[PDB]
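Visitor: For reference, the structure I am asking about is given below.
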Amino acid sequence: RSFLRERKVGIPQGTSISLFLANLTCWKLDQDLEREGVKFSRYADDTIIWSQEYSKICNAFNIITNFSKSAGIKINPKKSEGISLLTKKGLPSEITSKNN
Amino acid sequence: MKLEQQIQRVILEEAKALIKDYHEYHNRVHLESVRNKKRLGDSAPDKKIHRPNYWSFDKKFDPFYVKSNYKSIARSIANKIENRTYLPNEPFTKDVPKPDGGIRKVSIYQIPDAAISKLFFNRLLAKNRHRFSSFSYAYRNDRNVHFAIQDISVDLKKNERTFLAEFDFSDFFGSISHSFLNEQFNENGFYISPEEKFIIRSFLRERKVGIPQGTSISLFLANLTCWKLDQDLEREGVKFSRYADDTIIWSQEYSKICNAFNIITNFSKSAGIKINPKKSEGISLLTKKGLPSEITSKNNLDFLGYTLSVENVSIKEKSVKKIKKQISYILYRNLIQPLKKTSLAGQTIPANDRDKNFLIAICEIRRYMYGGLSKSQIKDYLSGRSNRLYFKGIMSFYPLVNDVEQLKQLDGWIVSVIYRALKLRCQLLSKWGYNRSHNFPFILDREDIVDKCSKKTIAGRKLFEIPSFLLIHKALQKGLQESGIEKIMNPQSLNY
Amino acid sequence: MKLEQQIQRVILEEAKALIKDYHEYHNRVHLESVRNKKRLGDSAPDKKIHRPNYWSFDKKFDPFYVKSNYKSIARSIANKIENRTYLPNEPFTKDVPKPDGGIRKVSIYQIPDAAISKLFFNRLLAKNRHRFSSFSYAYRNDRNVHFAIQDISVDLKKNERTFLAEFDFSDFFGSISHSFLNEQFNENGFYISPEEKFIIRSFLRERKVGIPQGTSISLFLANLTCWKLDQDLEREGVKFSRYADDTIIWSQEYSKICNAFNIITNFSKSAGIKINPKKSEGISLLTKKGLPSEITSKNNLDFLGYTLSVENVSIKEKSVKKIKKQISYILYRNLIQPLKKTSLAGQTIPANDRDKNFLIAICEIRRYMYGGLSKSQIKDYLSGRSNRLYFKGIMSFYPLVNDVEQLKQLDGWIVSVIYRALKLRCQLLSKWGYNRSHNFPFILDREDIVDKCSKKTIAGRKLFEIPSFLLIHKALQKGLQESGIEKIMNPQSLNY
RNA sequence: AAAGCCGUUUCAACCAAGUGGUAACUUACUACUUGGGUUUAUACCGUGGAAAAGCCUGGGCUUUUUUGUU
RNA sequence: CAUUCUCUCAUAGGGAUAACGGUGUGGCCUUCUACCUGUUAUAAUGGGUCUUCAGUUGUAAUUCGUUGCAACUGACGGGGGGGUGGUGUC
DNA sequence: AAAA
DNA sequence: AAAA
DNA sequence: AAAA
Ligand SMILES: Nc1ncnc2c1ncn2[C@H]1C[C@H](O)[C@@H](COP(=O)(O)OP(=O)(O)OP(=O)(O)O)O1
Ligand SMILES: Nc1ncnc2c1ncn2[C@H]1C[C@H](O)[C@@H](COP(=O)(O)OP(=O)(O)OP(=O)(O)O)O1
Ligand SMILES: [Mg+2]
Ligand SMILES: [Mg+2]
Ligand SMILES: [Mg+2]
């Protein structure tokens, strides 16, 4: 609480305690994603979720949206690439597709 | 006799309402003719009273004849109904313009038959509306289009990504299979007495498929037809909002929306009302303004005069064009059109910085948009200084619009169009031999029109203030928070 | 001022209603005292008029005092409300009996505060009922218990195997967190004006957790509290019907019902209203009478006076016991109880085959269940010979009962109990020195009671016919067909 | 051989097809009383009045009856 | 073929009737409202001012949800075509 | 072994 | 058509 | 609180 006193929102940048605070902040999101059955890998704000089912990935999108509304951390549409479909090099795809 | 008294009352009320409407029509036609002569001068056309054509087709169409002998008509109708021999007379069908879909067939039933249909529709709705889905907002005394728009807006604002599905039935009223309807009478715990059932079958006897267009009983039949569809959609867990044939379905899951598509297809195959491929947009994905989408995406959708997005509710673009057309035509009619005639005889030429035509145009715009409310009254209501404010204008038909930016653009458009129309009026006056560029209404720049027009005062009132959408929108929001959609649009009576 | 006039009207109407109720009370007490003296003779107790105790607690409790000066009270209330200093006076809380769960605390607010609560509840319900789920049937002017029972009955009859989940909230009114309530005011598109919000907070100021018991604003707050739960249950696709705390959830899938359980648990954790494991029956499986079940099974469910099975709707067993208690007590009071006194002075001993006490008992029984309708009137209505029939009896509280077998058993019980009570009356008369076994009411066998009683005629009317549940049930079914349940059970929109 | 079914006789106010046990109760216990207005006679809550009585004081209090109530 | 009244064989047919219905403006009552300024014995009449929203500041209550008050800050009338200038970048 |  |  |  002492390290958060100067500001009224957000955690300080460039100090160690903020790392633990960031890890602790995204615990409910991690639990929800795990219990959805999707595989994911979060590194600070950068998050990648991949599953074999479209419904699971849509639910993951909804879960991240709910978590953002709960914690007040909106997602920038620029850096966030949305939902895609990772196929092989020449496999036809029915929705937006990327090979890597 | 209980039935005969009811029929007498209904027929008399309907005939008296039609007579009052006709008297209002011809009185306002005379008043507008007087104003037109004061406007167009010697070129004004003569007053022309039109009685509706179908009044000559049959006497029972005439409200005056029905009011003449309504006891006899009601007595005969009751006698025929209780003999199970009653049959409504042939309606007058006209080709109502539907350029969007070609033509549409509307029917004007005779006053006695229309009254009987209204009475039995009221009864059937009263004893069965508790079985109708809460998400069917068409032809009800407890559901409005504004409730549907509020529900859609709230649910869209809750989430960020929604799967939509919009479907319009090709010919909803004209393709209902009568076998399906007669099977639906004993389902969902519907309470239809044998008399009401006989009346319903009587109104369907002339045709072999579909329900008549323009009777009240057809509205209840349409609501009853889509009960299994409503139950299936509810049991799927999707949120929907049906208004007659126009159906919107939205859910957070793709599988639910695909199942909703299948359910609607099955219902259409069961009832014979095929969907319209051109009007139905299909399955989409309603995202925010810049969110990437994996399937066909749209940032906003249209539903009954409202363009709904994720963030805000706005007027439909076609309705905005209608508003622009009406306001611009008011300006053209009161400012430019009189000056385009061959002669200016009998017209008042603006002079001494007093253009009555400009005042008339501004007042008529305020009447169209506000409804006659001065800015002082609206500001008083907003401040809480006053507690009474009446909402009857173009805005009362869109009480739920929360798009302040669109109203700002509309206000700017109004000011700019006023300035340009005034410039054209000045040019025409100069071409007619009158220099008035230095007088009040024309010397104003676009920036100073509102500021100077607010200060201008006539008869101790500010009749020259340019009306603004934002102010009446603030009044609408406060009204909603205090009165509620119903009362707000109560005078509006959207209907349509 | 608009507010002060509204408060005046509401307070005056409430006070006048209470005064009318009191006058009816004491007039009927005097009439029943006269009848009692004609019944018990010299052993009849004297008339005792009770004014309610809390009328002495404070003058504003007294309807007469409030009616004396209601303008002043309304003026002061409006002045305090506009100053945001209004605070309702302390109610009179008593120990209403709840032996099923110990005791229940109810509160009788003062007449002005109760009137204000009723007025603001009416306003809030009017401007917000379109947001309430259609499956919340408690404390509404558009829903009642009978609509819920009809919905449940139809849905259960549609299928054969349904997964149930019955839950009750422990002290639902008295455990709602105020933080949750204050957070709910800005959700679901609720339209609550600042005056209404301030009034709501005013009625919650005395306590810290939970809403008061015995005010209309409490009913609105209870309806508003369970909106997120209703939305979640609807979006799960399950069918449910919540009345106050009583919540019946039924679905065709086990997973949906488990998710409904989890949803209710989450809502309880969010609002702090825990579920009592005693009254909550948990998740069951409603099958037919002899269908094997793999989990905990029941063949019928109880919901607010109705025992609902898959095939038919029947009166709740406890309500059947109440009916039996009332009828048997009527017979005992008018036949046996007068004869058990120490002396029979002033009592009319039956003679000449004229037992007036038997006639009085039969008439009172008919009043209890039929409401005073003769079998001739009901048969005339059934045949269609007549179109007017009023439904005010014990069966007007159960219009949707379609269990003919249960009513047949009840009719047999009525006849048998009448016969046995008559036998006991004859025995007591013999013990008192009067042999009457050969006279009209006592010489009758059980088989011949109904026939001879129907044949009996007094004053040109058949006042001796033994009332039957089946006939009034047929009348109720026809009345439901010709008029929505709403009107039939309209005078019975209360509780217990 | 039964169960069962069909009789017939007898006991009971109901709960009770029940209880360790079995009676009581309706201004009770824990939701309603006749199709709507229109006035002869009956009559109610409370307050007035007039009579009587029984107490205090030397006029007041209490209880009954009458009247308006109606 | 009174749109008025009435009769009946009563979704049709008779009778006598000159009114029947309806509109704009005005007066009366009733709501109805902040402030400032004209005229009269203190009320009419005349002319003006402001009202909203968000944030911050400080203050008073709050049953801690919030509310009130005071002061500042900010928002509060579209777009399109042509010419032209400054800024911006190699 | 963990950031400025 | 909501409480006591 | 539906007519067209
Ligand atoms: N203003 C109105 N007046 C009368 N009836 C209307 C009005 N608006 C709608 N309706 C009726 C007649 C319409 O056929 C019906 C709604 O159906 P609509 O939206 O026109 O689609 P539809 O299935 O009839 O297609 P289409 O018009 O191409 O045949 O409601
Ligand atoms: N007369 C009433 N009618 C309707 N609702 C009522 C009434 N009295 C109380 N309520 C509300 C508030 C109470 O919490 C509840 C009464 O139902 P009840 O069966 O007594 O359960 P409960 O909610 O009191 O649970 P518990 O008895 O386990 O504490 O409903
Ligand atoms: Mg369509
Ligand atoms: Mg409960
Ligand atoms: Mg027994």
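Just so we're on the same page: first chain in the structure tokens is A, next is B, and so on; residues restart at 1 for each chain, and ligands are numbered from 1 in the order they show up.
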Return as a CSV table (one decimal) with N, CA, C and O atoms, in the first residue's frame the residues of protein, DNA or RNA that approach ligand 3 to within 7 Å, with only C-alpha atoms (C1' of nucleotides) and all ligand atoms taken into account.
Guide:
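New file result29.csv:
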chain,number,residue,atom,x,y,z
B,168,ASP,N,-36.2,-11.3,-41.8
B,168,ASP,CA,-37.5,-10.8,-42.2
B,168,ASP,C,-38.3,-11.8,-43.0
B,168,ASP,O,-37.7,-12.4,-43.9
B,169,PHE,N,-39.5,-12.1,-42.6
B,169,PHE,CA,-40.3,-13.1,-43.4
B,169,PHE,C,-40.8,-12.4,-44.7
B,169,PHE,O,-41.2,-11.2,-44.7
B,170,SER,N,-40.8,-13.2,-45.8
B,170,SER,CA,-41.1,-12.7,-47.1
B,170,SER,C,-42.4,-12.0,-47.1
B,170,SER,O,-42.5,-10.8,-47.4
B,171,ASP,N,-43.5,-12.8,-46.9
B,171,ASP,CA,-44.8,-12.2,-46.7
B,171,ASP,C,-45.4,-12.8,-45.5
B,171,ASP,O,-46.1,-13.9,-45.5
B,172,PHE,N,-45.2,-12.2,-44.3
B,172,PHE,CA,-45.6,-12.8,-43.1
B,172,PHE,C,-47.1,-12.9,-43.0
B,172,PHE,O,-47.6,-14.0,-42.6
B,245,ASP,N,-42.9,-9.3,-38.2
B,245,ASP,CA,-41.9,-10.2,-38.9
B,245,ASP,C,-40.5,-9.9,-38.5
B,245,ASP,O,-39.6,-10.8,-38.5
B,246,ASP,N,-40.2,-8.6,-38.3
B,246,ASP,CA,-38.8,-8.2,-38.0
B,246,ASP,C,-38.3,-8.8,-36.7
B,246,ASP,O,-38.7,-8.5,-35.7
B,275,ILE,N,-38.5,-17.1,-45.2
B,275,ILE,CA,-37.8,-15.8,-44.9
B,275,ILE,C,-37.4,-15.1,-46.2
B,275,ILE,O,-37.3,-15.7,-47.2
B,276,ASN,N,-37.2,-13.8,-46.0
B,276,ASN,CA,-36.9,-13.0,-47.2
B,276,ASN,C,-35.4,-12.9,-47.3
B,276,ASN,O,-34.7,-12.2,-46.4
Visitor: Residue 2 in chain F: which residues within 12 Å, counting only C-alpha atoms (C1' of nucleotides), same-chain residues fewer than 2 positions away excluded, as JSON, numbers by chain?
Guide: {"A": [16, 19, 20]}
Visitor: Please return as a VMD selection string: the residues of range 44-292 of chain B that backbone DSSP assigns to alpha helix (DSSP H).
Guide: chain B and resid 63 to 68 70 to 82 111 to 128 145 to 158 178 to 184 194 to 203 216 to 225 228 to 236 254 to 271
Visitor: What does the list of residues within 12 Å of ligand 5 look like if you count only C-alpha atoms (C1' of nucleotides) and all ligand atoms, written as a list in words?
Guide: residues 417 and 420 of chain C; 11, 12, 13, 14, 15, 16, 17, 18, 19, 22 and 23 of chain D
Visitor: Could you dump the residues just selected with N, CA and C atoms (P, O5', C5', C4', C3', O3' and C1' of nucleotides) as a PDB file, in the first residue's frame?
Guide:
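Written file, out_34.pdb:
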ATOM      1  N   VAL C 417     -69.162 -36.827   5.922  1.00  0.00           N
ATOM      2  CA  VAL C 417     -69.040 -36.040   7.142  1.00  0.00           C
ATOM      3  C   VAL C 417     -70.384 -35.444   7.524  1.00  0.00           C
ATOM      4  N   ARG C 420     -72.325 -38.259   9.186  1.00  0.00           N
ATOM      5  CA  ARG C 420     -71.841 -38.595  10.522  1.00  0.00           C
ATOM      6  C   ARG C 420     -72.165 -37.494  11.525  1.00  0.00           C
TER       7      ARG C 420
ATOM      8  P     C D  11     -74.120 -48.324  14.192  1.00  0.00           P
ATOM      9  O5'   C D  11     -72.605 -48.000  14.556  1.00  0.00           O
ATOM     10  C5'   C D  11     -72.079 -48.333  15.829  1.00  0.00           C
ATOM     11  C4'   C D  11     -70.711 -47.735  16.027  1.00  0.00           C
ATOM     12  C3'   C D  11     -70.552 -46.294  15.582  1.00  0.00           C
ATOM     13  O3'   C D  11     -71.037 -45.377  16.545  1.00  0.00           O
ATOM     14  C1'   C D  11     -68.713 -47.574  14.825  1.00  0.00           C
ATOM     15  P     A D  12     -71.553 -43.930  16.085  1.00  0.00           P
ATOM     16  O5'   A D  12     -70.212 -43.113  15.837  1.00  0.00           O
ATOM     17  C5'   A D  12     -69.199 -43.057  16.835  1.00  0.00           C
ATOM     18  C4'   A D  12     -67.939 -42.426  16.306  1.00  0.00           C
ATOM     19  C3'   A D  12     -68.129 -41.023  15.737  1.00  0.00           C
ATOM     20  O3'   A D  12     -67.040 -40.176  16.095  1.00  0.00           O
ATOM     21  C1'   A D  12     -67.193 -42.438  14.086  1.00  0.00           C
ATOM     22  P     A D  13     -67.325 -38.829  16.923  1.00  0.00           P
ATOM     23  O5'   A D  13     -67.602 -37.725  15.810  1.00  0.00           O
ATOM     24  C5'   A D  13     -68.770 -37.762  15.003  1.00  0.00           C
ATOM     25  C4'   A D  13     -68.687 -36.754  13.889  1.00  0.00           C
ATOM     26  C3'   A D  13     -67.294 -36.533  13.319  1.00  0.00           C
ATOM     27  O3'   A D  13     -66.997 -37.447  12.279  1.00  0.00           O
ATOM     28  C1'   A D  13     -68.280 -34.450  13.857  1.00  0.00           C
ATOM     29  P     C D  14     -65.481 -37.858  11.960  1.00  0.00           P
ATOM     30  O5'   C D  14     -64.798 -36.499  11.498  1.00  0.00           O
ATOM     31  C5'   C D  14     -64.998 -35.982  10.191  1.00  0.00           C
ATOM     32  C4'   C D  14     -63.999 -34.897   9.890  1.00  0.00           C
ATOM     33  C3'   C D  14     -62.544 -35.310  10.031  1.00  0.00           C
ATOM     34  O3'   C D  14     -62.046 -35.823   8.811  1.00  0.00           O
ATOM     35  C1'   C D  14     -62.940 -33.246  11.159  1.00  0.00           C
ATOM     36  P     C D  15     -60.904 -36.941   8.804  1.00  0.00           P
ATOM     37  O5'   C D  15     -59.585 -36.141   9.194  1.00  0.00           O
ATOM     38  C5'   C D  15     -59.044 -35.155   8.326  1.00  0.00           C
ATOM     39  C4'   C D  15     -58.003 -34.323   9.028  1.00  0.00           C
ATOM     40  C3'   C D  15     -56.873 -35.103   9.678  1.00  0.00           C
ATOM     41  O3'   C D  15     -55.834 -35.364   8.756  1.00  0.00           O
ATOM     42  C1'   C D  15     -57.732 -33.488  11.199  1.00  0.00           C
ATOM     43  P     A D  16     -54.988 -36.720   8.840  1.00  0.00           P
ATOM     44  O5'   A D  16     -56.079 -37.837   9.136  1.00  0.00           O
ATOM     45  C5'   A D  16     -55.740 -39.215   9.065  1.00  0.00           C
ATOM     46  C4'   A D  16     -56.620 -40.054   9.954  1.00  0.00           C
ATOM     47  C3'   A D  16     -58.120 -39.881   9.742  1.00  0.00           C
ATOM     48  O3'   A D  16     -58.770 -41.126   9.976  1.00  0.00           O
ATOM     49  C1'   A D  16     -57.578 -39.346  11.968  1.00  0.00           C
ATOM     50  P     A D  17     -59.073 -42.129   8.761  1.00  0.00           P
ATOM     51  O5'   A D  17     -57.637 -42.638   8.303  1.00  0.00           O
ATOM     52  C5'   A D  17     -57.394 -44.025   8.104  1.00  0.00           C
ATOM     53  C4'   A D  17     -56.115 -44.287   7.344  1.00  0.00           C
ATOM     54  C3'   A D  17     -54.945 -43.363   7.669  1.00  0.00           C
ATOM     55  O3'   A D  17     -53.731 -44.104   7.569  1.00  0.00           O
ATOM     56  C1'   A D  17     -55.421 -43.245   5.370  1.00  0.00           C
ATOM     57  P     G D  18     -53.078 -44.777   8.873  1.00  0.00           P
ATOM     58  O5'   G D  18     -52.691 -43.534   9.785  1.00  0.00           O
ATOM     59  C5'   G D  18     -51.886 -42.481   9.282  1.00  0.00           C
ATOM     60  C4'   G D  18     -51.780 -41.361  10.279  1.00  0.00           C
ATOM     61  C3'   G D  18     -51.274 -41.761  11.652  1.00  0.00           C
ATOM     62  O3'   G D  18     -49.865 -41.858  11.718  1.00  0.00           O
ATOM     63  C1'   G D  18     -53.225 -40.483  11.900  1.00  0.00           C
ATOM     64  P     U D  19     -49.186 -42.909  12.720  1.00  0.00           P
ATOM     65  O5'   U D  19     -49.177 -42.144  14.114  1.00  0.00           O
ATOM     66  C5'   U D  19     -48.721 -40.805  14.195  1.00  0.00           C
ATOM     67  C4'   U D  19     -49.175 -40.143  15.468  1.00  0.00           C
ATOM     68  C3'   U D  19     -48.816 -40.865  16.752  1.00  0.00           C
ATOM     69  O3'   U D  19     -47.471 -40.654  17.139  1.00  0.00           O
ATOM     70  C1'   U D  19     -51.071 -40.170  16.841  1.00  0.00           C
ATOM     71  P     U D  22     -56.302 -42.238  21.235  1.00  0.00           P
ATOM     72  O5'   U D  22     -57.028 -40.851  21.509  1.00  0.00           O
ATOM     73  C5'   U D  22     -57.646 -40.597  22.763  1.00  0.00           C
ATOM     74  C4'   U D  22     -58.308 -39.242  22.801  1.00  0.00           C
ATOM     75  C3'   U D  22     -59.408 -39.025  21.766  1.00  0.00           C
ATOM     76  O3'   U D  22     -60.426 -38.206  22.333  1.00  0.00           O
ATOM     77  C1'   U D  22     -57.726 -37.397  21.481  1.00  0.00           C
ATOM     78  P     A D  23     -61.940 -38.342  21.823  1.00  0.00           P
ATOM     79  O5'   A D  23     -62.282 -36.892  21.263  1.00  0.00           O
ATOM     80  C5'   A D  23     -63.113 -36.012  22.001  1.00  0.00           C
ATOM     81  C4'   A D  23     -62.341 -34.827  22.521  1.00  0.00           C
ATOM     82  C3'   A D  23     -62.756 -33.473  21.977  1.00  0.00           C
ATOM     83  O3'   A D  23     -63.903 -32.954  22.618  1.00  0.00           O
ATOM     84  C1'   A D  23     -60.403 -33.657  21.935  1.00  0.00           C
TER      85        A D  23
END
Visitor: Quick one: pull the distance between CA of residue 404 in chain B and CA of residue 318 in chain B, Å, one decimal.
Guide: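 Distance reported for this atom pair: 17.9 Å.
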Visitor: Suppose you want the space between CA of residue 196 in chain B and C1' of residue 1 in chain G; what is it in Å?
Guide: 26.4 Å
Visitor: Which residues form the shell of 10 Å around ligand 2 when you count only C-alpha atoms (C1' of nucleotides) and all ligand atoms, given as a ChimeraX atom specification?
Guide: /C:96-107,138-139,168-176,210-214,218-219,222,243-246,273-280,494-496 /D:31 /G:2-4
